[PDB]
Amino acid sequence: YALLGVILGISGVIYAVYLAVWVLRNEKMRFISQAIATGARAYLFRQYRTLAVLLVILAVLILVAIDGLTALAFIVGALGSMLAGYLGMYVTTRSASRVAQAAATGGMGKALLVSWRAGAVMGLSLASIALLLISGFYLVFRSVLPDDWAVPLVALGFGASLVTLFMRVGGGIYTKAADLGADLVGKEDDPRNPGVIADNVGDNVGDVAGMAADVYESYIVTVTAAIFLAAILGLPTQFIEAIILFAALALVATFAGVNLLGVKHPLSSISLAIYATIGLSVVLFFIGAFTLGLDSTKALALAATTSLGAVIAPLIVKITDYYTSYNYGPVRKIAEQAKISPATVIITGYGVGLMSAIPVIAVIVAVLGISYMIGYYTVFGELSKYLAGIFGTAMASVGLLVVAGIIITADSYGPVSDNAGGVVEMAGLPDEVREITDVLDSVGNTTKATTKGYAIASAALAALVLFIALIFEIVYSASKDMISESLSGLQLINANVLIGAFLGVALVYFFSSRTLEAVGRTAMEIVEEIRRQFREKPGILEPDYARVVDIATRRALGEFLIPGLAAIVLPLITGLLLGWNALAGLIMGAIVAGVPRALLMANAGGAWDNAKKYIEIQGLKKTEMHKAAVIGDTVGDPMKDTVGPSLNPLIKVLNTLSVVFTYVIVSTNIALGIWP
Amino acid sequence: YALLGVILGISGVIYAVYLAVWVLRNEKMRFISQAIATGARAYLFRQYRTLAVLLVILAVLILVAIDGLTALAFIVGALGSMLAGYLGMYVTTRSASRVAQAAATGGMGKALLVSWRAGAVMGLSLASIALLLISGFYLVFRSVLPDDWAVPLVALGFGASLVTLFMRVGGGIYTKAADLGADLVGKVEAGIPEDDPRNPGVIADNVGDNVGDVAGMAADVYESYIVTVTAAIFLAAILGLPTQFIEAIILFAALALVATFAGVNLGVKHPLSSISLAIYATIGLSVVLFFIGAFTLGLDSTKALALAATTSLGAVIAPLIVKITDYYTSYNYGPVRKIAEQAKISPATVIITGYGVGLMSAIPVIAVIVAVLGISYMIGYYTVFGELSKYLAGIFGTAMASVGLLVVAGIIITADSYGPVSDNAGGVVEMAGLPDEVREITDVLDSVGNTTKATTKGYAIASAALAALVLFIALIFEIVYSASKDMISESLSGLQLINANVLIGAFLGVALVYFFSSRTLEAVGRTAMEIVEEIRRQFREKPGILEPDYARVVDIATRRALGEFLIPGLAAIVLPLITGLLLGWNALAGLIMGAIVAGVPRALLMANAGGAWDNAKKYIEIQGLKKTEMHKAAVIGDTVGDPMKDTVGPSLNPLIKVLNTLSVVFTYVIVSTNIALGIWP
Ligand SMILES: [Mg+2]
Ligand SMILES: [Mg+2]
Ligand SMILES: [Mg+2]
Ligand SMILES: [Mg+2]
Ligand SMILES: [Mg+2]
Ligand SMILES: [Mg+2]
Ligand SMILES: [Mg+2]
Ligand SMILES: [Mg+2]
Ligand SMILES: [Mg+2]
Ligand SMILES: [Mg+2]
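Respectively, the protein sequence lines represent chains A and B. Here the first sequence stands for residues 6 to 30, 35 to 76, 83 to 202, 209 to 282, 286 to 403, 408 to 508, 516 to 577, 582 to 715, numbered as in full-length UniProt numbering. Here the second sequence stands for residues 6 to 30, 35 to 76, 83 to 281, 286 to 403, 408 to 508, 516 to 577, 582 to 715, numbered as in full-length UniProt numbering.
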């Protein structure tokens, strides 16, 4: 069913129009909702503009680097994600006023389903775009250039990661640089300062756009890495045709996931995502045995491996939901610490962030470990079996992210409720209706953390699969064998490998701490900019929002190239100056440190944010107790949405440039495996 | 010259009495100095009491586990460090009042040398105790039981690490649980500056100061001096190199004791004198080591200089970390003012950016420890049975480097007692309302000490990073000995980084450290709350205006802190054991990998930021010197990085280091449970 990948995929626009026309179904509410669009307009118009500049130049560079041709698949790969991004962005800006007007007089359900449908637009679209764009080029290359046709479409992944890197560090900086600069100049969502629109425009850039594009990396890298695996091993094409079927059902499981046909409490979100998976699993178990014929133990192995990747997601949902929701303790543990002081709640609110990372880690290892076994016992040398093992882990990581559609649907429901939460406080809407937007926002805050777990954890499984894929790229370049030398050259105790593991964990500090000082300083350029305008005339009686948008992006994107390119070079220099061993260690320590830390922060930031919401509804005042809880908010605030989610686009892309330069780096090493 | 290692060592305690009697050379000033002693008394009396309980029980267990005998060296090994601790404890309690009275009327020099002399007591003694304690049992075991006599004396390291674990997690908790409980009750209920006499937390804090950096840190570094000499000597023995190397290293260490005996001698102006002496206390050691090294031992000119070059790389890195942390930690330098100025905005903004300058302060240390062992790896590889026989000459070149780095520990611990002793004086002056100017100079000695304690965390942790790979190779030969009753062919191809259990372990190793630190953070944060409540019950009874009570606050904090200690302490012992047996030795090899990969960068990330927030407070606390919205922000950052500075940062290092020390003890016990050479179940 290779051709079928396009059939159901193109229905994304078919179904995105349904939800788009669903959202398209006040004076002050319209201007602010329209302001989010104009702000997001100048953002994307300027973000895609410079984005295409570097894409075409590098697409021209990749065209000569491949010389068949691959820059063509390189280009559309990036265009696919951005297309689903522009589709979901125009929805979020309009939802801010839609869900606000719907919730106030309709009830809690009206808000939950409206803000949820606005998110189903992006989730189902992007997932649809990913499947059809690879299945389209997969079938084209399948018949076009035999003998490793899957590799050409794999460059579609690299070009698509370059753009997710763009908005994660760019949108991540902008999302928090505005949230930070707007919050403290007020000391929230007060109309006096223009930072309220720059923040909410950031909300759609941090979690709606920046995060949704990030997970696009998960859906594209594993399908290209998993297909690339089954090819390089020499296994039958039965494996490659089954994975495309599992993916299509995930689109079917996410097409059904978003129906949500009586809403009561915000638990409805977790239940649907929970059963949107089982509906996929058993439908996958059953459709898997239908299209392909394999020995019963081997065919279920595919259904069992992907079932392990799909199940882990609801588990991370229930975990982060526990450590993040104010309904549950670990949030009240720190919110109560507000009575003492901010420093004391900081350290202990930091603490419960650490212990919130180990449960996710405990699952991702046990989950891929079981998939490794089942895939190893079911499906030329001792490695040929071991490779069947790491492939069992590839199937797991693939199964995890193929259901990405349902999770991104939630990363747009959270911020859209954040937008609604802003619309009500600045427009001074009724107390009750402006409070429910906050709980929808606090539930959304539990969602963004859940997706960061879903995003980062899925990356951890791919790294070891990308490791093996990187090897076959250094084996191919070595011949122009290596298996006998690299195996005994990359044992963890080798000189380059251990140093790299320290430079990989040291590089991530230099990358994240460079981002933190940048976002913190560019925000100061927003804080300074506000004074420039507010000093001229009084903010009582009101371009101005477009100014804060354009100034913050070009200053944020300006810094982006510094760490973004610095994170590109330092691995390259170590990869060539020391060797591929050094980068293998650099990518090891990075994946080993990045996955736990980003969880430590992704969860803690959400906890401090939800901790404020819990006391901001009870306290709901400027009390020395609440003032302390706000300090914890803005600390974990940018570290939550800027550096936390950036380790994932670093780790995954960190193996994505090394594999493209294995031919370029191995020839520079002038040796098979070196420690000098 | 193996016997000489003991001769000069015992002269350290002989010489330590000179400075101890030198420091021993007012009414309100006398009671507080004696109160620190009674507090340190009830602390050590209760710490050594339970410390001997588990030591004897396990010493009896180790006696049957070895069945020659090795529990004897197990006992004295731990006793050596504690002896240098009790010598420095009685010194620090007396220095609080001594240095205060000396600085006020003599000048800045009088204070700088007195608080420094009080530290030379601990530094020179402990380093002396370490050298004589190993050369003593080394020479005894060299002639007692040939054929792997070095292994029995290696058990001296584990037993000594078990207790350094005691005070790092225990003293670390106590130091910040008291520092925390005393600080916040002054701002929330009392409304007074820290180190104020009204609340009993002022004595509990300063008593903690001597336990966090003076005792907890100095005892921790004893782990560095003991583990590498046993691991490096164990390497040269197991590697098959000539005994010429084993006799030379004992001389280099003695030279370091001579280079540190001269280091403490110390015209005075700015606290830069500390960095200059510690910088030149190394070169004086290096060239003196270069010179005495060629005299006693004969080796090929290129091969003999290799020893002087390898250890010279371990010795030079320390002053480099000193100048690095001194830059990121001292208010004299930028990165501190970067955040102190952010106090004008808000605490959250200075928190995030004060956190930032902590991260980039970790990459310079990492950049050096890798370059240093890499060059030693090369020089040791090209100078000194299979492809491994040459490669092992490399990691041993790294062992010599790690050995060379920590043999100069004496000069650094001398500084870990100068920092808090100035903190003690800093407290003595503000509560006794001593002259403004002289109580301000104690603060600069306190802020300079803050520049010292962070430097030692770098010095402590970095030396551990080089030893880890040495401990990896040493643990391998312990599983090779148990496997035969070959492994080279199986483990090499069984522990390549992509193995199933190894990668899982690397995630469980970095995950376990979170479970250990966040369990420690919640404990110290909650047990401190047991101190805050304790103050109220006593302060509620009678007014704190007009003053047993100090002995209670000491006794209550220890039994509650030590009570929690067993939870992470034993949990950190088990979880590696479970992974080592449930999954295999591959899993623990990965668990110890991810731990060293996260611990070395993490502990630096925190040790430096915590020190920066404290020094950031100091710069604005003298200019502002008031309760200003600007100063309040710098205090919030202080107490955040405050416990993360002295509890989690310095406890990760004794976790990783002890993790390779317990796993090597179970190589015989864990490999038989795995029921396979290398498996990924
Ligand atoms: Mg906010
Ligand atoms: Mg927001
Ligand atoms: Mg908001
Ligand atoms: Mg929020
Ligand atoms: Mg926020
Ligand atoms: Mg303090
Ligand atoms: Mg202190
Ligand atoms: Mg103090
Ligand atoms: Mg201090
Ligand atoms: Mg302190």
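Ideal placement from N, C-alpha and C gives every residue a C-beta, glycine not left out.
Q. If you draw a straight line from the alpha carbon of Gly187/A to that of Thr59/A, how long is it in whole angstroms?
A. 17 Å
Q | Separation of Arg636/A from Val554/A, as counted between CA atoms | A | 19 Å
Q: Under 6 Å Cβ to Cβ from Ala271/B, same chain only, skipping five residues before and after it: list those, please.
A: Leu304, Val430 and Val431
Q: Within 10 angstroms of the Cβ of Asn620/A, are there 16 or more other Cβ atoms? Answer buried if so, exposed if not.
A: buried
Q.
So the candidates are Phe152/A, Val28/A, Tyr105/A and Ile265/A; which of them puts its Cα closest to the Cα of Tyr6/A?
A. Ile265/A
Q: Taking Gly603/B as the query, report the chain A residues whose CB atoms sit under 9 Å from its CB, ordered along the chain.
A: Going along chain A, no residue has its Cβ under 9 Å from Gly603/B, so there is no contact; the nearest lies around 17 Å.
Q | Unbroken alpha helix (DSSP H) run spanning residue 509/B, endpoints | A | There are no atomic positions for residue 509/B here, as chain B continues from 508 directly to 516.
Q: Using the Cα positions of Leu611/A and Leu617/A, report the straight-line distance between them to the nearest angstrom.
A: 10 Å
Q) Excluding five sequence neighbours on each side, which residues of the same chain lie with their C-beta closer than 8 Å to the C-beta of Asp466/B? A) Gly449, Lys652, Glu655 and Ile656
(Q) Just to be sure I understand the criterion: a residue counts if its Cβ is closer than 5 Å to at least one heavy atom of ligand 4. Which residues meet that? (A) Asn473/A and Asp648/A
Q: State buried or exposed for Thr550/B, treating a residue as buried only when at least 16 other CB atoms are found within 10 Å of its CB.
A: buried
Q) Taking only runs of the alpha helix (DSSP H) that begin and end inside the stretch 196-266 of chain B, which ones reach a length of at least 4 residues, in chain order? A) 216-224 and 231-254
(Q) Could you check if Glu655/B belongs to the surroundings of ligand 6, using beta carbon to heavy atom distance under 8 Å? (A) no
Q: Kindly indicate if chain B contains any beta-carbon less than 9 Å away from that of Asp210/A.
A: no
Q. For the candidate residues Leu689/A, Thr613/A and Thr673/A, whose alpha-carbon lies nearest to that of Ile704/A?
A. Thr613/A
Q. Among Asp648/B, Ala595/B and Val341/B, which one has its Cα closest to the Cα of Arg183/B?
A. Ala595/B
Q) Whole-angstrom Cβ separation of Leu332/B and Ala263/B, contact assumed at under 8 Å? A) The Cβ separation is near 16 Å, so there is no contact.
Q: Please list the residues of the stretch 663-675 of chain A that have a C-beta atom closer than 7 Å to any C-beta atom in chain B, keeping them in chain order.
A: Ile670, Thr673 and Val674
Q: Could you work out which residues of chain A lie near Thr372/B, taking near to mean beta carbons separated by less than 8 Å?
A: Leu551, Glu552 and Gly555
Q) What residue from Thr301/B, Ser295/B, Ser292/B and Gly286/B has the CA that sits closest to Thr275/B's CA? A) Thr301/B
(Q) Measuring alpha carbon to alpha carbon, tell me which residue in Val91/A, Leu638/A, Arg109/A and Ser697/A is nearest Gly675/A. (A) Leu638/A
Q. With a Cβ-Cβ cutoff of 9 Å, do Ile496/B and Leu250/B count as a contact?
A. yes
(Q) Suppose contacts are defined by Cβ-Cβ distances below 9 Å. Is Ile241/B in contact with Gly151/B by that definition? (A) no
**Q.** CB contact check: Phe419/B to chain A, cutoff 9 Å
**A.** no
(Q) Can you give me the C-alpha to C-alpha distance between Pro715/B and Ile502/B, rounded to a whole angstrom? (A) 18 Å
Q.
Buried or exposed for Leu604/A, going by 16 or more other Cβ atoms inside 10 Å?
A. exposed
Q) Can you name, in chain order, every residue of its own chain whose Cβ lies under 6 Å from the Cβ of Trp164/A, other than the five neighbours on each side? A) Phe156 and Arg157
Q: Tell whether a beta-carbon distance below 9 Å holds between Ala506/A and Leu625/A.
A: no
Q | chain B contacts made by the stretch 350-369 of chain A, where a contact means CB separation under 7 Å | A | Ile364, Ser365, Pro366, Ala367 and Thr368
Q. Beta carbon of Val355/A, beta carbon of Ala650/A: below 9 Å?
A. yes
**Q.** Residues near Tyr350/B by beta carbon distance below 8 Å, same chain, minus five either side
**A.** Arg356, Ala359, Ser470, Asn649, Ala650, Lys652 and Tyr653
Q. According to the neighbour-count rule (16 or more other Cβ atoms, all chains shown, within 10 Å of its Cβ), is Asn687/B buried or exposed?
A. buried
Q. Hey, would you say the C-beta of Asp466/B is under 8 Å away from at least one heavy atom of ligand 10?
A. no
Q.
Rounded to whole angstroms, what is the Cα-Cα separation between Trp131/A and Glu563/B?
A. 47 Å
(Q) Please report the distance separating the alpha-carbon of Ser140/B from that of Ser16/B. (A) 9 Å
Q | For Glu520/B, the first and last residue of its enclosing alpha helix (DSSP H) | A | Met517 to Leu522
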